[PDB]
Every structure is written in structure tokens, then in C-alpha cells.
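Next up: a single chain in C-alpha cells, the form deposited in one PDB entry.
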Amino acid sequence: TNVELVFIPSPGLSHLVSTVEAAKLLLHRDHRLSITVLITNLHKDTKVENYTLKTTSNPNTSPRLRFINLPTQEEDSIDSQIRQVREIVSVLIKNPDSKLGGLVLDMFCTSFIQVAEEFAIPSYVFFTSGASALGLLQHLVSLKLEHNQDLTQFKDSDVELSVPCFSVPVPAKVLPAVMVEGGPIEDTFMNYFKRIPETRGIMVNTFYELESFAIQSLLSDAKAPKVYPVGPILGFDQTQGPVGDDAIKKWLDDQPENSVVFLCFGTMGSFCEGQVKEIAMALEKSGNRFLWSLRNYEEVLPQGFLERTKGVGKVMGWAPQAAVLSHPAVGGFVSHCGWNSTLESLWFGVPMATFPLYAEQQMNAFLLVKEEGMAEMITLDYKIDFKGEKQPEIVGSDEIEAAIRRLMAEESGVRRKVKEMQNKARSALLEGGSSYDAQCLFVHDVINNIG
């Protein structure tokens, strides 16, 4: 009667954490369910070792959560990756005390639908982003595949698109750049997302009160896999607290409440020397207390920037993002609009200033600013990747300073919507919330679809 689920996340510590935290919640919804996560490069990344070890070694983690390593070599393309999953799956169905409920794949792991079809087990997809991204990606896929459209026509275009999962026209400049590029880049990602509608169910990392209009549009197509908004899935306990820092907590305790603006740009926010100097100049002219996570310093910052901003701000490298946003001193967040960073800032009621860089962050910035109105914008169409030997585009310090001033105001319609949306996010995870029911409905359908 026991049902085992196999999760296949994309390589990296990030996508693994969201898979583990989501698995920990689904296990609490049915004691008959077990989850086995396939790790792409366990014995190669020491950060993935620590996370997998500290999770399995913890007595509070469920005993029904197993981590199995995928011994991927260097030359294995999609050919050999399929077999090493097919090998483990064939070993896992030999257990007569468990029924394989199916494969739950990542957005970049939809190639293993082949394996699920060979073993006559269902296929599922865990979308680590929001519903507005899913509907947009399927709209762009249907445009090229079903309407015979050259998606490069929207590249650097001032036109707007009528996307079904959006209540406002979506500018072509906020589209995911990899979908309007063409050639090998577009082909790689189109083969990733076009196989999603061929699954049984799609788990989305969002809640209904956030991206309503998109979820209704995704569910309207009955000829499509049912979507389960199980978010927000965050990279900490979501009930105890994230790991912090003493010297960090020391300085923020001295500043007033909602007075420090935090600046972080994810794990790939490598600006050029010019853009960093514009951010530092804007922080100087704003006069606001700031905490800047910057990835030497006196050679990349304006002359005397640290000297003039000594008692008002602090600059550093890597930052405990979730812990900093939880501090009462942080009242602003200049973010790259990553979905995890967006959900973290929403979980702690911190309003955001959009500085999107890569991936779907351009659409996430458009979603929060124009669609929902719960974020001030610095830019919506900024792209960090400069092609050829061309000079990178740069956002001026005046545009950054203006958005910080609007963000750190005592009262604003953005700050009120964020505080209101923060409670709607925390209620969605409590029993009876929208995402709680979605988790229970998902685990219910996984067991019922097996016969």
C-alpha cells in the first residue's frame, strides 16, 4: 500500500533544496507516501554533500526521505543519463513493499518522461517558478510549434503580447531571453518546456492568492495537466528559522526598524565595474542605510565610498539572504527578482526594487510591478548578458536612487500590498490554505492515478 515517489531535480544545490523542502511537506500529508531524490552530482559538489548529509543525519527529517546518487560522468549526454535513471528505477520497482507512484521531474529534467513511459509509471513536473512563467512558456511554445512563428521577432521589440495568463499586455522586452533568441539556445529550451503538457500533473512554486489570473488560465484548459500551487517553497524550515550571522545581526540591531535597504543579486549577479559604481553612487545620494552583498572594493567602488558611508551602510560579500530579510531593520530589498528571492522577501513582508538580470527575472519584475503592483521598479528589461564585443548597457544612478526613495518611504501602496500579500502567503501553507489543499490533492492524485 506504500507509494514511493522519485524526484529528479536539475543539477545544483539550489534546485535540490526546493525539491527537498517540497518533499518534506508532501510526506506530512500522507503517511503512505515515500520520496526518493536522485542526485545528479553528489560526490562532486561538496555543498551538495553537506546538504544531503545534514538532511539524512537529522533525526527530525522523515525516515521516508531517501537520497540516491546518479553517477553521471563527463561524457554522458541525454543518452547515458536516461539509462542510469532506468537502472535505478528498475532496481526500485523490485521492492514488493512499495509501488512506484511515478517520476516528478524538473523543468530541465523532462527528458526522463521516456523512462516513466517504459516502466508504465506516471510522469509529473515540479515547476520551481511561478504560474505566470509556466503559462508564458507554454504560450511561447504554442506560438512556435502550433502557429509556426519565428520567436526572434520579439527580440528587442517594443511590441506587446497578449499572453493568456496575464491580465495586462506583456512587453516583448520582459520575455525570457532564451525563448526569443533562436538557434541552438532556443531549441534547447523549447525541447525542455514542450514536453511538460505531456505529463499527469504540474507542481508550481506559488500560491493562489499571488498569481490568481494565471492559475485560472492554466486550469481552464482541461486538455492540459492539472496544476498544483504548492508554494511558497522556501529554502529553510519555514517554521523554525533560517541560519543567520552574529556580526550581521549586531549591526542591524542598531539601525531603526524598516530603515536598512538590503541589496543582493543572487548567485550570478556579476555586474561590470560601471554598473557597480552607479549602484554605489545611488546609495550615497539616497542617504538611506544600506547593506550591500557585493561579489578590490576600493578599486571597484567610487573614491572614498566606504569612507563617506561608514556609519550609515556596510558592504560585504555573500549574505544570508533569508535571515537578513527577516531582521526587523530591513525595510527594503533591491533584488534581481529571482523567484526564490521574491518569495523570501514576500515571506518576510519586505518590498522589492526590481533589477532583473537573467532567466525569467524580467517577467518576475514585470509581474510584481505592473501586474500586481507590489514592487517598485528600477528597470524591467535590463539584461546582464552582453553579446559579442559590445559595451554592456548601464542603468544610471538617478534611476536607482529614485526607486530606492520610493521604496524606503514610510507609507506606499507597494509596501501595503506586500504586507497584505505576506499574510496571504503564510496562510496558504497553514492547514486549510490554498497550497495546503493543493499538496493534499497532489498526493491524493498520485496514489489514485496508480490504480
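Don't overthink the numbering: it's just position in the shown sequence, from 1. For the two forms, the rigid core is made up of the largest set of C-alpha atoms that agree within 1.5 Å on superposition.
Beyond what is shown, the protein has a form deposited in another entry; the following relates to that form.
When the two forms are superposed on their rigid core between this form and the one not shown, the C-alpha shift of 2 Å or more among 216, 267, 153, 191 belongs solely to 267. Taking 2 Å as the criterion, residue 246 does not count as shifted between this form and the one not shown: its C-alpha moves by less than this amount when the rigid core is aligned. A movement of the C-alpha atom of residue 399 falling short of 2 angstroms is seen between this form and the one not shown when the two forms are aligned on their rigid core. A displacement of 2 angstroms or greater separates the C-alpha positions of residue 73 between this form and the one not shown, with the rigid core held in common. Note on residue 386 and residue 153: their C-alpha atoms are more widely spaced in that other deposited form, a change of at least 3 Å from this conformation. Contraction of the residue 127-residue 386 CA spacing by 3 Å or more is recorded in that other deposited form, set against this form.
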